[PDB]
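Reading through the structure tokens given below for one structure.
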Amino acid sequence: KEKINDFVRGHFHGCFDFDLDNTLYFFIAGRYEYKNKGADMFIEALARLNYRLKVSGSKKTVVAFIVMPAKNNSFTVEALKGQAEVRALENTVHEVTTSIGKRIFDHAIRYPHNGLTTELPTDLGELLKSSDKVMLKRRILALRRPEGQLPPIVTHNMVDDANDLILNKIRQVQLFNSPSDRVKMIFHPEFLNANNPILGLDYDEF
Amino acid sequence: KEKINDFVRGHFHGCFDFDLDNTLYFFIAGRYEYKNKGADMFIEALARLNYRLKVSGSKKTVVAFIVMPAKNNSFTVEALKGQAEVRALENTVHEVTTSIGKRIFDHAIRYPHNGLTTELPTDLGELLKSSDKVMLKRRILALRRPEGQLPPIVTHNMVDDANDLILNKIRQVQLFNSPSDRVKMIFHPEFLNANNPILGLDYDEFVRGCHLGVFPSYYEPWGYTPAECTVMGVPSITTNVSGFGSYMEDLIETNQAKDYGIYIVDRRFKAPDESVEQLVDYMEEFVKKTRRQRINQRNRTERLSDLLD
Amino acid sequence: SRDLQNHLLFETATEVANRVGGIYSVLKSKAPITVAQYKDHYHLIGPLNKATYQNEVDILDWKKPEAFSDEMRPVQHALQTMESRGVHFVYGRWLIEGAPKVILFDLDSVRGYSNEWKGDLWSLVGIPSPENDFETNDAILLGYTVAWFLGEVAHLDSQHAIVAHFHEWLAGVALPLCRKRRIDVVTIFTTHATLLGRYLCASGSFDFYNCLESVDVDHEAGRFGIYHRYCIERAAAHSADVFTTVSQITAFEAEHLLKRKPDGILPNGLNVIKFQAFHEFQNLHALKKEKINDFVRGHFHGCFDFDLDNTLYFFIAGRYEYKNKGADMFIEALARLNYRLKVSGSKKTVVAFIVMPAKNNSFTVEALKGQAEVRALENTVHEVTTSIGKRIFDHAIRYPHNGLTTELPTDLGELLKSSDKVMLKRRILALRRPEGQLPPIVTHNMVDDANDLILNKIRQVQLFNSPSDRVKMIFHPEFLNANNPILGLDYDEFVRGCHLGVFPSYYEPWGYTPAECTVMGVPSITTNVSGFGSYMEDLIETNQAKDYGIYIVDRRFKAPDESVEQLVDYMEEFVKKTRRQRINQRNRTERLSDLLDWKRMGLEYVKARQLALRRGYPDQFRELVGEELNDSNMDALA
Ligand SMILES: O=c1ccn([C@@H]2O[C@H](COP(=O)(O)OP(=O)(O)O[C@H]3OC[C@@H](O)[C@H](O)[C@H]3O)[C@@H](O)[C@H]2O)c(=O)[nH]1
Ligand SMILES: O=c1ccn([C@@H]2O[C@H](COP(=O)(O)OP(=O)(O)O[C@H]3OC[C@@H](O)[C@H](O)[C@H]3O)[C@@H](O)[C@H]2O)c(=O)[nH]1
Ligand SMILES: O=c1ccn([C@@H]2O[C@H](COP(=O)(O)OP(=O)(O)O)[C@@H](O)[C@H]2O)c(=O)[nH]1
Ligand SMILES: O=P(O)(O)OC[C@H]1O[C@H](O)[C@H](O)[C@@H](O)[C@@H]1O
């Protein structure tokens, strides 16, 4: 689940307004048979669940995955780029905490000498410097997305987007991952595999 | 030097009141020959250097190492315990920063939603929770040493502590590692080796880490100690009665030799007390150096390498 | 009557709180050394940018008696006199190192007088001024407003000499006004290019450095629709007591196109930030280079058959000006270098970067994918090595018991298990490229790929990153930025990671690029028609210059084919160097950086301001020095 979360943060970069500790992950998977496998019921029912959760004031969130192979030209630029930006934020955070660590350590080992009246740091300015702030802010800016852009409903570039049954149904029921939607749609038109660059999981692990 | 820093933090646990970024590391090394190798002049000059630095209001700290093997019963429980206590604080700090990291990250990734109005956290309490504060406080308490107890002048239990020359000399000059002393003394009565549990360095590594070797020998036909030291780009003090000292005194004009990090104390044509004062003038001169000037000197020292090959 | 040692400085430009071009960087980086000399006697003057001045200017009140000293009172009363007519302005500190005082004039508050001043300017100096040209209109409004102000300061300050320095034709209109009105202020004009220069080199077909001396300036300025602008630049050049350019090469073109031999050179310095330890720049180079390496492994995934420990990084960077920045020579020369390195049987590899912005639709799927696949291998290796460690450790802690005859494991099978292998093999399969596909020559999807000059030239010379090519090409058609997902470096970081800048410019009055590259301790190729190259040419004997990392191509006195060959010679000369030779060369290059610092270059601004005082007040200058010093040049004087 922590690997799915890592994917989900990337996918919702700039539009990340729910708690993953209060998020559930539904999925349908299999061979692309829109009728026989019930992708039509699945998507309809999700749209109806979305309504029910908004009406009922639920604070929970459902990210629903559809994993059915369709004809595609691989991952989108957006997918990869969002995964990279989150990864850059992680590394910049890891740098900053290594520095915070050295400053916490110094305070701790030095107490109670050189005017250190408290056992631990009390003011964040002792630990977080200008330099640290600047680069964390730049990482946040990179995650920002254009005014009014929403998280996509599909991770790949489709060969025939306009005629795809799954995507036509998701458009028809209007599940566009808006902030007020309690149910989110992610179509991943390909079998899962740990070699994937965005959701690096074998099917059984997912 | 950072490895020396790690040891020093342990050795001074609970009495750590100086900046290691403004701390210099002097050392004498060799075999236990109190007179011949000049341990007596070293300890004496350091005691006077301490006085000069307190009088001049110097913000520098010198930590003096003595590395000479004596008969011992291995490391003190205190020396080993202190090291384990610092190591335990480091691991707790690392646990805590991992948590802080997840909190910064969450904030950064979520901004500006869910009422996160600033790009970053502004209040420490968002990042540092009470459970973190508790385990840090326990590690700090464990580093605490009893009221009045000072950092030791020695790292090992000595066989016949009372009659040891180095220790009696340290006691006599009263360099007990007080907070007010700008010179600190650490006697390590064993040869250095990487398998050492408290100072896990080979001798060559430890020498590289220091700032100044101090080898005021009376009888030293050669003196491999300042030569090794010089080959590693570490400035050294020696004497004009040592082979190395006279051999270098010959090769460089004696006042220029300072600029190459070869300090030569006159033990031939001066009374012992004029010599001690000279050794102290050198130590004081070196302490007054900035970092940039230390870096330039070490370069010049290192340039001599070839001449000792 | 008037003091020449204690004197005022008014430095006027379009860009003073206001990022437009490179002049902003010059005046900003120069402020520290200027403020150190003048303190509260110095003022920068410019037009107020109402939209953006809030973020740069510390707005300071000018009415209080604590704003100015007793001797600097006249400037207060002069600003008051401007306020007496309703000329609205902003006094303040420019929020930059040095904290210099600025006077920003709101142009909207004199736009009524447009028609009067345009007419005055027409009959005085002959300068026409179309209404659709919004920038000359503003240049005119600025010039009259500033000459007015300097006229009032001259009236009210009878202690100090006044020096008025102007940068670029846009801030030049005040100069003919100061001359004709005979205002008691000595004037300097610095041009950072010429209008006819830029425009005559725009097509990339005109033989500029040879046909320059035979151009009918009025004719060409009419041909390019810039006659009115040309006259402003020309009037500013002629009216100024001292006339300056930023380089010897630009002084050549200035003399024939502006019809006045400049009185000397004002090359652009930097504010070089030193490191405590001289060698730290070497450390940084290795850290930044490791990030370039990381990018390259991804870029060449599946086709990685060379040693990065024996690879060099060349780059060009700048505005996309194919011909004027010599991206054409660069690519041509590299295709020739590639041939020489194959013939000689060198195992080395050059990876050449082109960093020049072109219209694009961001990174390619491929670029991002290979970076992620390499990253996935890294993580899988890290898991495996963690396992390996558990197995080594157990053996180490357990020896010599339970039949362990050797201190360490000896068979790889003891450490690397079936599941470890399967993982690693799968990561390797993800890095596999399709049969025949070569690493690309560009990292982005281009808006007009088929018609791009850079890509067409790479395709023409056929540098397609095949295994047998010793030179690789990577076009990165966007400015570098640490936020970039594939090469997360800022420009300065990337430059430090590289081995050689290559900037074979044709039109380049200064050459900020090779100067900045020099300051990072990275050697570079420039040209003798670049202002940086012409400056280094005269400062160092050109065979010694190579030992300092400054290679200088002759594009003035050689045919283009001879220039290309020389460019190949230098590139090749550099590849031959060992690591130890590269390190010593960078040390030499870094040592040379002190010369590009404003502490040294700002003396030339002093020499220009001296000459202005010596020329405007010769009788007083003679008697405040030992004797009559010569005034034909800045050099001749000092
Ligand atoms: O921790 C340490 C400290 C020092 N050393 C080594 O100890 C050596 C210095 O030892 P000593 O003090 O015995 O001085 P020296 O060995 O140079 O000569 C002295 O003792 C031996 C005799 O050959 C000489 O006549 C005498 O002057 C150096 O080679 C140094 O590398 C270690 O191996 N580990
Ligand atoms: O990725 C990059 C590449 C380059 N740069 C910056 O862009 C500059 C290079 O572009 P510029 O065109 O501004 O500088 P150039 O040396 O190419 O000068 C050119 O343009 C400005 C004019 O004043 C000069 O006369 C002209 O020759 C460098 O100084 C560098 O700091 C980046 O910030 N990021
Ligand atoms: O990303 C995926 C998704 C599904 N499957 C497998 O595909 C098989 C066949 O799916 P299908 O819907 O065709 O099942 P069937 O119609 O046979 O019930 C299942 O056993 C799944 O384990 C897979 O290997 N990777
Ligand atoms: O990138 P190169 O020219 O091979 O330089 C490589 C060298 O760079 C710096 O000097 C580093 O300090 C050296 O450790 C490194 O070996």
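For the structure tokens, the naming scheme is as follows: chains receive sequential letters (A, B, ...) according to their order of presentation, residues are indexed from 1 within each chain, and ligands are indexed from 1 in presentation order.
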Please tabulate, as JSON lines, the residues of chain C that come within 12 Å of chain B, each with its closest pair of atoms and the distance in Å to one decimal, counting only C-alpha atoms and ordering rows by chain, then residue number upward.
{"residue": "C:274", "atom": "CA", "partner": "B:292", "partner_atom": "CA", "distance": 11.6}
{"residue": "C:275", "atom": "CA", "partner": "B:292", "partner_atom": "CA", "distance": 9.6}
{"residue": "C:276", "atom": "CA", "partner": "B:292", "partner_atom": "CA", "distance": 6.0}
{"residue": "C:277", "atom": "CA", "partner": "B:292", "partner_atom": "CA", "distance": 6.4}
{"residue": "C:278", "atom": "CA", "partner": "B:292", "partner_atom": "CA", "distance": 8.8}
{"residue": "C:279", "atom": "CA", "partner": "B:295", "partner_atom": "CA", "distance": 9.8}
{"residue": "C:280", "atom": "CA", "partner": "B:295", "partner_atom": "CA", "distance": 11.4}
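Summary of the local environment: counting only C-alpha atoms, residues at most 8 Å from region 56-58 of chain C, other than itself and those fewer than 5 positions away along its chain, are residues 17, 92, 93, 94 and 95 of chain C.
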Can you write out the residues you just picked, keeping N, CA, C and O atoms, as a short mmCIF file (atom, residue, chain, number, x, y, z; two decimals), in the first residue's frame?
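The resulting file, result.cif, is shown below:
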data_model
loop_
_atom_site.label_atom_id
_atom_site.label_comp_id
_atom_site.auth_asym_id
_atom_site.auth_seq_id
_atom_site.Cartn_x
_atom_site.Cartn_y
_atom_site.Cartn_z
N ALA C 17 16.38 49.19 -11.95
CA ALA C 17 15.67 48.38 -10.95
C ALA C 17 14.79 47.40 -11.69
O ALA C 17 13.67 47.10 -11.28
N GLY C 92 15.15 55.62 -3.11
CA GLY C 92 15.25 54.35 -2.38
C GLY C 92 16.61 53.67 -2.42
O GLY C 92 17.54 54.18 -3.03
N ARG C 93 16.70 52.54 -1.72
CA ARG C 93 17.85 51.62 -1.81
C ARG C 93 17.47 50.44 -2.69
O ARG C 93 16.41 49.84 -2.51
N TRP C 94 18.34 50.11 -3.64
CA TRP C 94 18.15 48.95 -4.51
C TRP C 94 18.54 47.72 -3.71
O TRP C 94 19.68 47.64 -3.23
N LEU C 95 17.61 46.78 -3.53
CA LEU C 95 17.82 45.62 -2.65
C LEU C 95 18.80 44.62 -3.25
O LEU C 95 18.42 43.56 -3.77
#
(request) Taking only C-alpha atoms into account, report as a PyMOL selection string which residues of chain A lie within 12 Å of chain C. (result) chain A and resi 73-89+91-92+134-144+156-157+193-202
Which chain A residues have any atom within 9 Å of an atom of chain B, and for each, what is the nearest pair of atoms with distance in Å to one decimal, counting only C-alpha atoms, rows sorted by chain and number, as CSV?
residue,atom,partner,partner_atom,distance
A:9,CA,B:109,CA,7.6
A:13,CA,B:109,CA,6.9
A:14,CA,B:109,CA,7.3
A:15,CA,B:110,CA,7.7
A:16,CA,B:110,CA,5.2
A:17,CA,B:113,CA,5.3
A:18,CA,B:114,CA,7.9
A:86,CA,B:109,CA,7.9
A:89,CA,B:105,CA,7.4
A:90,CA,B:105,CA,6.9
A:93,CA,B:101,CA,6.1
A:94,CA,B:101,CA,6.6
A:96,CA,B:101,CA,8.0
A:97,CA,B:97,CA,5.5
A:98,CA,B:97,CA,7.2
A:100,CA,B:97,CA,7.0
A:101,CA,B:97,CA,5.9
A:102,CA,B:93,CA,8.4
A:104,CA,B:93,CA,7.0
A:105,CA,B:93,CA,6.4
A:108,CA,B:140,CA,6.1
A:109,CA,B:140,CA,6.9
A:110,CA,B:16,CA,5.4
A:111,CA,B:14,CA,7.6
A:112,CA,B:14,CA,8.3
A:113,CA,B:17,CA,5.4
A:114,CA,B:17,CA,6.3
A:119,CA,B:137,CA,6.9
A:120,CA,B:133,CA,7.5
A:121,CA,B:124,CA,8.6
A:122,CA,B:124,CA,6.7
A:123,CA,B:124,CA,6.0
A:124,CA,B:124,CA,4.7
A:125,CA,B:122,CA,8.5
A:127,CA,B:124,CA,8.9
A:133,CA,B:120,CA,7.5
A:136,CA,B:108,CA,7.7
A:137,CA,B:119,CA,6.6
A:139,CA,B:108,CA,8.3
A:140,CA,B:108,CA,6.0
A:143,CA,B:109,CA,7.6
Only N, CA and C atoms, please: the residues just picked out, written as a compact mmCIF listing (two decimals), in the first residue's frame.
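Now in result04.txt:
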# COMPACT_ATOMS: atom_id res chain seq x y z
N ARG A 9 0.56 9.98 -4.72
CA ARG A 9 1.10 11.34 -4.47
C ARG A 9 1.61 11.97 -5.78
N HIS A 13 -0.03 15.17 -7.68
CA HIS A 13 0.81 16.31 -7.33
C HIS A 13 -0.02 17.57 -7.61
N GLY A 14 0.16 18.57 -6.76
CA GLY A 14 -0.50 19.85 -6.94
C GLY A 14 -1.99 19.84 -6.66
N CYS A 15 -2.58 18.66 -6.45
CA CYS A 15 -4.02 18.50 -6.22
C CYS A 15 -4.23 17.46 -5.11
N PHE A 16 -3.38 17.54 -4.09
CA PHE A 16 -3.28 16.53 -3.05
C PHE A 16 -3.91 17.07 -1.77
N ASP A 17 -5.23 16.91 -1.69
CA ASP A 17 -6.08 17.49 -0.62
C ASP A 17 -6.85 16.45 0.20
N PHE A 18 -6.44 15.19 0.15
CA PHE A 18 -7.05 14.13 0.96
C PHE A 18 -5.97 13.41 1.74
N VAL A 86 8.05 14.40 -7.35
CA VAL A 86 7.85 13.91 -5.98
C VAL A 86 9.16 13.32 -5.45
N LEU A 89 11.42 16.10 -4.47
CA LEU A 89 11.02 16.60 -3.17
C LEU A 89 11.52 15.71 -2.04
N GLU A 90 11.32 14.39 -2.16
CA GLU A 90 11.83 13.42 -1.17
C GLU A 90 13.33 13.63 -0.89
N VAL A 93 14.04 16.87 0.90
CA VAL A 93 13.61 16.72 2.28
C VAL A 93 14.68 15.94 3.04
N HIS A 94 15.15 14.82 2.49
CA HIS A 94 16.20 14.02 3.14
C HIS A 94 17.48 14.79 3.42
N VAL A 96 17.54 18.11 3.96
CA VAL A 96 17.19 19.07 4.97
C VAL A 96 17.15 18.44 6.36
N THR A 97 16.65 17.21 6.47
CA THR A 97 16.56 16.54 7.77
C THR A 97 17.93 16.07 8.27
N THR A 98 18.84 15.75 7.36
CA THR A 98 20.22 15.46 7.75
C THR A 98 20.82 16.70 8.42
N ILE A 100 18.96 19.26 9.91
CA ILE A 100 18.20 19.40 11.14
C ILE A 100 18.80 18.46 12.20
N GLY A 101 19.12 17.23 11.79
CA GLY A 101 19.73 16.23 12.65
C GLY A 101 21.02 16.69 13.28
N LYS A 102 21.92 17.26 12.49
CA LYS A 102 23.18 17.81 13.02
C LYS A 102 22.99 18.96 13.99
N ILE A 104 20.03 19.44 15.89
CA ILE A 104 19.43 18.80 17.08
C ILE A 104 20.52 18.12 17.89
N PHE A 105 21.33 17.31 17.23
CA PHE A 105 22.44 16.64 17.90
C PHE A 105 23.37 17.59 18.66
N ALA A 108 21.62 18.97 21.80
CA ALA A 108 21.55 17.87 22.78
C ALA A 108 22.86 17.56 23.51
N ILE A 109 23.97 17.48 22.77
CA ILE A 109 25.28 17.12 23.31
C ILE A 109 25.91 18.28 24.09
N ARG A 110 25.43 19.50 23.83
CA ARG A 110 26.00 20.75 24.37
C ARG A 110 25.27 21.24 25.61
N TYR A 111 24.01 20.85 25.75
CA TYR A 111 23.19 21.25 26.89
C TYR A 111 23.88 20.79 28.19
N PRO A 112 23.95 21.62 29.23
CA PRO A 112 23.34 22.96 29.31
C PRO A 112 24.33 24.14 29.14
N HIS A 113 25.39 23.96 28.35
CA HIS A 113 26.45 24.98 28.21
C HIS A 113 26.12 26.03 27.12
N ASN A 114 26.95 27.08 27.04
CA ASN A 114 26.84 28.16 26.02
C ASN A 114 25.44 28.74 25.87
N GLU A 119 16.63 21.77 27.07
CA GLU A 119 17.25 20.48 26.70
C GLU A 119 17.23 20.25 25.18
N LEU A 120 16.17 20.72 24.54
CA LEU A 120 15.97 20.58 23.11
C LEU A 120 15.77 21.93 22.46
N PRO A 121 15.91 21.99 21.12
CA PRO A 121 15.51 23.21 20.41
C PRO A 121 14.01 23.46 20.58
N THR A 122 13.64 24.73 20.71
CA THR A 122 12.24 25.14 20.86
C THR A 122 11.73 25.93 19.67
N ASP A 123 12.63 26.64 18.99
CA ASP A 123 12.30 27.47 17.83
C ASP A 123 12.79 26.79 16.55
N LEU A 124 11.90 26.62 15.58
CA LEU A 124 12.22 25.98 14.28
C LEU A 124 13.35 26.69 13.51
N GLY A 125 13.48 28.00 13.71
CA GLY A 125 14.59 28.79 13.14
C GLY A 125 15.97 28.34 13.56
N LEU A 127 16.71 25.20 13.69
CA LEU A 127 16.90 23.97 12.90
C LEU A 127 16.80 24.14 11.39
N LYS A 133 14.99 26.39 3.36
CA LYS A 133 13.69 26.89 2.94
C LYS A 133 13.59 27.14 1.43
N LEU A 136 13.43 23.69 -0.60
CA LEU A 136 12.13 23.07 -0.38
C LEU A 136 11.01 23.81 -1.12
N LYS A 137 11.05 25.13 -1.11
CA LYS A 137 10.06 25.93 -1.82
C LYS A 137 10.10 25.73 -3.33
N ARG A 139 11.13 22.97 -4.84
CA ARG A 139 10.53 21.65 -5.03
C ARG A 139 9.00 21.69 -5.01
N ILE A 140 8.44 22.48 -4.09
CA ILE A 140 6.99 22.68 -4.04
C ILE A 140 6.49 23.37 -5.32
N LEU A 143 6.02 21.00 -8.20
CA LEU A 143 4.82 20.17 -8.05
C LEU A 143 3.52 20.90 -8.38
(request) Might you pull out every residue within 7 Å of residue 474 (chain C), with only C-alpha atoms counted and same-chain residues fewer than 3 positions away left off, and present them as JSON, numbers by chain? (result) {"C": [352, 353, 354, 441, 442]}
(request) Would you kindly return, as an NGL selection string, each protein, DNA or RNA residue with an atom no farther than 9 Å from any atom of residue 78 (chain C), considering only C-alpha atoms and excluding same-chain residues fewer than 5 positions away? (result) :C and (73 or 83 or 149-157)
